[PDB]
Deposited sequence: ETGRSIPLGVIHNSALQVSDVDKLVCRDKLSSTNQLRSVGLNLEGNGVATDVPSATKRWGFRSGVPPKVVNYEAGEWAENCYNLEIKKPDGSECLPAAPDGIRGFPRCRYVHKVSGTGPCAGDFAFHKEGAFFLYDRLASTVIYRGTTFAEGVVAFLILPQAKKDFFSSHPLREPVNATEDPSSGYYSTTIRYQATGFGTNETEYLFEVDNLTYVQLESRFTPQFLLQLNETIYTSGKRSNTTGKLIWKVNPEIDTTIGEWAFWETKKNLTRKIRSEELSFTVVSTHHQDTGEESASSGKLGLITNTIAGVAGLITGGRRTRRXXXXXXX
């Protein structure tokens, strides 16, 4: 155990308030000056693609879930929403407790439906971070509820110092939360694309667009899986950044080059 840090500003710099020393110059005139705050892992430069993101979460028993609140958060580019079952059809994640709603600002909601072994009662963050929901940070993932990965801070402040769009991106998954997890991006209920880590959200929405307009959807009752060749490219984080492709049919797999 150790004291929870409190952020304070000295000499035009944020600092951890030193517990052992007393600064009478510091002023807390009201409990409004105290704030609890959620910052997203995105903003530290972590991979936000579904394959990389899910490998950070894992199932574990014997640990009761815990929840702490926060008053303010950061708009996300990438949030996740999981509907994971075992191959016997039983749910892997628990229903959202009463009062826990999805994260309020997500540009892309990565909605993953699928299956995996789920060897544990709850799904935690392997790196110790939190699943940020609407002003509640939990240690675990709730079923079918939108979350951003993140962490929490506490501050003492001084006393004087475009709309919202959201697009859902749907994924099938097998062997969720294991070494051999296979993901598929969904164009429609019969047309899919083999996922890779290098695909961005905007590439998936353009690839989708190109599939619908070019007429490359499944025109049978069968399942259609388009693979993308390694030559088609897609180290820059989100905040600092046509009909040329040709599709041919080789369940029914195929290639796009």
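#### Entry: Deposited residues without C-alpha coordinates, grouped into stretches that follow sequence order
Gaps vs deposited seq, in order: 1-2, 164-183, 257-259, 267-275, 285-323.
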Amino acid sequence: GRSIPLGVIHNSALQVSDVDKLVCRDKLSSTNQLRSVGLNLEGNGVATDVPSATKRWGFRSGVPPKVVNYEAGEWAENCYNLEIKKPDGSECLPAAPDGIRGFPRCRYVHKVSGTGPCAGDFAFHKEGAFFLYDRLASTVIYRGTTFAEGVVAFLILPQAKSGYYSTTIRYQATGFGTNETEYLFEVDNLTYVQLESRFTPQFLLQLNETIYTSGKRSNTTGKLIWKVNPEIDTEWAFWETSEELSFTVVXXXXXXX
From here on, numbers count along this sequence of modelled residues.
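So that the term is clear: the rigid core is the largest set of C-alpha atoms that superpose within 1.5 Å between two forms.
### Query
Relative to this form, superposed by the core, which stretch has the greater CA RMS in 8 other deposited structures of this protein: 36-44 or 22-30?
Taking the RMS over all superposed structures in 8 other deposited structures of this protein, 22-30 lies farther out.
### Query
Superpose by the rigid core: which stretch, 48-56 or 222-230, shows more Cα shift in 8 other deposited structures of this protein?
Per-stretch check in 8 other deposited structures of this protein: the more divergent one is 222-230.
### Message
I want to check something about residue 245: across the other compared entries that model its neighbours, is it left unbuilt in at least a third?
### Response
In at least a third of the other entries, residue 245 has no coordinates.
### Message
Counting only other entries where the flanking residues are modelled, do a third or more lack residue 161?
### Response
Counting only entries that model residues on both sides, residue 161 is unresolved in at least a third of them.
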